[PDB]
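Before any questions on how it binds or moves, here is one chain, the form deposited in one PDB entry, in structure tokens.
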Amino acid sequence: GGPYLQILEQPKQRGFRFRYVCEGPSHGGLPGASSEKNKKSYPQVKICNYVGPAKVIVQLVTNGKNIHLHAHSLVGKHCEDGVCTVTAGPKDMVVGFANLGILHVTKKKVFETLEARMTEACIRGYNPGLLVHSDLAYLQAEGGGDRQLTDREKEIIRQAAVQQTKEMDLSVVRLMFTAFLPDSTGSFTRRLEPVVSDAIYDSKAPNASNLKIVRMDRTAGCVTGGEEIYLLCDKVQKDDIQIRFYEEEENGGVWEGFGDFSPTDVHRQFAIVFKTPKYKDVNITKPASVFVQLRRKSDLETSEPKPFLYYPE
């Protein structure tokens, strides 16, 4: 086999938030699969069986059975018009992608935004046939693979955009990397088989984390327990809800404790009055930080945790 592209590190699949235009810039880069709070990594690909100048583009695509251009935009470092374009130096063939944000289009602007993207892809020759429509492959980036779209082509895009918009999942997206190698003239037009990455799920997708603790009148208490607390939450079912206190131990252990209350203490599904559970060790000499969360007994759904401080008696 000749030259090919290879993903060295996949983007992390979960925990990242897609951002809308109105939210402002720089809200954080897309993490790599091995990224950590101490050792931060990012998506990274490598060009194999070839060493020299090269162009690598990154497009956002769909997570269905048939890959298509996504309506969302890649924004941030080296990004323009929803596409990331970096060069792969003449010696180092490994490319990384830090400070990458996923710009979530609005439901109302999905169709027109998608139409604009397919067009840009058709004008630049960035995988038209694979991402827009089968009979558009004839548009290959020839130092500008048809810098001027014909009338019949805009029609194809229009039909494609409409058909592809009736079923686009705005909460999932994938990265597709495409490498181009210099031709006889030196223009990066030689295309290599693009490779798509794992799927990336929006942390703020509809129904992501439904349960939610808005505020608690107390965030600390005695290890002894039995202390009353007023918790304000989002909608909950009095008979299918509980307050879980947990602490992740040193080894693979996890201490658990439950707030004490009855269905009648759930006030209008938007608040709960309960008593704190006794802590793991009532003889600690220094305060112990733990976590508190709402949990549905039904399907074990939980809300994001909140810190709680247990102190000695």
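Position 1 is the first residue in the sequence shown; the rest follow in order. Take the two forms, find the largest set of C-alpha atoms that superpose within 1.5 Å, and that set is the rigid core.
Keep in mind the form deposited in another entry is missing from the figure; the text below concerns it.
Novice: When the two forms are laid on each other by their rigid core, does residue 183 show a Cα shift of 2 Å or more between the shown form and the other one?
Specialist: Stays below the 2 Å threshold, so no.
Novice: Once you overlay the rigid core, does the Cα of residue 41 travel 2 Å or further between the shown form and the other one?
Specialist: Residue 41 C-alpha, core-superposed: shift of less than 2 Å.
Novice: Between residue 204 and residue 308, do the C-alpha atoms lie closer or farther in that other deposited form than in the shown form, with a difference of 3 angstroms or more?
Specialist: They are farther apart; the C-alpha distance rises by 3 Å or more in that other deposited form.
Novice: Have a look at residue 36 and residue 204: in that other deposited form, are their Cα atoms closer together or farther apart than in this form, given the change is 3 Å or more?
Specialist: Between the C-alphas of residue 204 and residue 36, the gap widens in that other deposited form (3 Å or more compared with this form).
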